[PDB]
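The chain below stands alone and is given as structure tokens, in the form deposited without the DNA.
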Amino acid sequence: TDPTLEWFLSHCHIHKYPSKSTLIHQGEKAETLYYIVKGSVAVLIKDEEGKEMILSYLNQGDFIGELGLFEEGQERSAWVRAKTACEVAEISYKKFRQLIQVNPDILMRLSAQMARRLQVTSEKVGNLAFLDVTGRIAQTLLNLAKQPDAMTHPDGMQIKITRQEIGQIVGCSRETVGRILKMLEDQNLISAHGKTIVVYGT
């Protein structure tokens, strides 16, 4: 029973998107705000040749498309792709600005998300500047093995993730991931010849 949210949503139009669909294309002019009613999405950027990196996952209760709201004529800063089937609310910036005047609390909620995103994204900068691709992948595997969904393994922790997915986390090709996983395995730090990846130590 969140009256402000239900009220906000009643001014949106809501649509279903299947997994893998693209909600937002980078470079499109930004005139509308989104809100995830159900599902999860990936926010992605690309280099000149199409190599992808994930800036963030966003989930139920997250706003999307907010970055052009405060100045007209801006473009979308990233792609947003559905990672699961999603239900996503959309509203024009013009209408949302009307809602803000009615109850500023809806803006407070959006701004709280933007603040968190800046904190999380700033933490990434430190890592990318200081580590090379091997160090980025190594750090990523340790980070994944410390998440709640990591599984225990007699030898440490076990994670399930594709070379493609790791590549999207660090901004490199699935091939480069493959080469580096083999090197870490030869350094006795992980086992990947299995199905999942085992990260040695807890």
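Shifts are known only where both forms have a C-alpha. Start at 1 with the first residue shown and count on from there. Basically, rigid core = biggest C-alpha set you can superpose within 1.5 Å across the two forms.
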According to the deposited model, is the average Cα temperature factor higher in 62-70 or in 140-148? 140-148
Could you check which stretch, 116-124 or 97-105, carries the larger mean CA temperature factor in the entry? 97-105
From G167, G50, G135, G39, can you pick the one with the highest C-alpha B factor in the entry? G50
Of the choices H25, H11, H15, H193, which one's C-alpha carries the largest B-factor in the record? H193
Among all modelled residues of this chain, ranked by Cα B factor, put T32 in the bottom, middle or top third, i.e. lowest, middle or highest. lowest
Chain thirds by Cα B factor, record data; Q158 belongs to the highest
Please rank the C-alpha B-factors of the chain's modelled residues and tell me whether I91 sits in the lowest, middle or highest third. lowest
Going by the entry, which third of its chain does the Cα temperature factor of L110 land in? lowest
Looking at the entry's B-factor column for C-alpha atoms only, identify whether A85 ranks in the lowest, middle or highest third of its chain. highest
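This next part talks about the form solved in complex with the DNA, which is not shown.
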Scan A138, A30, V43, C172 and let me know which has any heavy atom within 4.5 Å of the DNA in the entry with it bound. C172
Sort through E75, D132, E123, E71 and report the residue having a heavy atom within 4.5 Å of the DNA in the entry with it bound. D132
For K16, is any heavy atom within 4.5 Å of the DNA in the entry with it bound, or not? no
Contact with the DNA in the entry with it bound for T176, defined as at least one heavy atom pair within 4.5 Å: yes or no? yes
With a 4.5 Å heavy atom cut-off, would you call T162 a contact of the DNA in the entry with it bound? yes
Contact label in the entry with it bound: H193 to the DNA, heavy atom within 4.5 Å: yes
Stretch from 164-172, 146-154, 22-30, 61-69 whose residues place a heavy atom within 4.5 Å of the DNA in the entry with it bound: 164-172
Even though the chain is shown alone, can you say which residues of 101-119 have a heavy atom within 4.5 Å of the DNA in the entry with it bound? none
Given a core-based superposition, decide whether the C-alpha of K38 shifts by 2 Å or more between this form and the one not shown. no
When the two forms are laid on each other by their rigid core, does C12 show a Cα shift of 2 Å or more between this form and the one not shown? no
Note: conformational shift between this form and the one not shown, core-aligned, Cα at least 2 Å, runs of three or more in sequence order, located at 130-161, 170-199
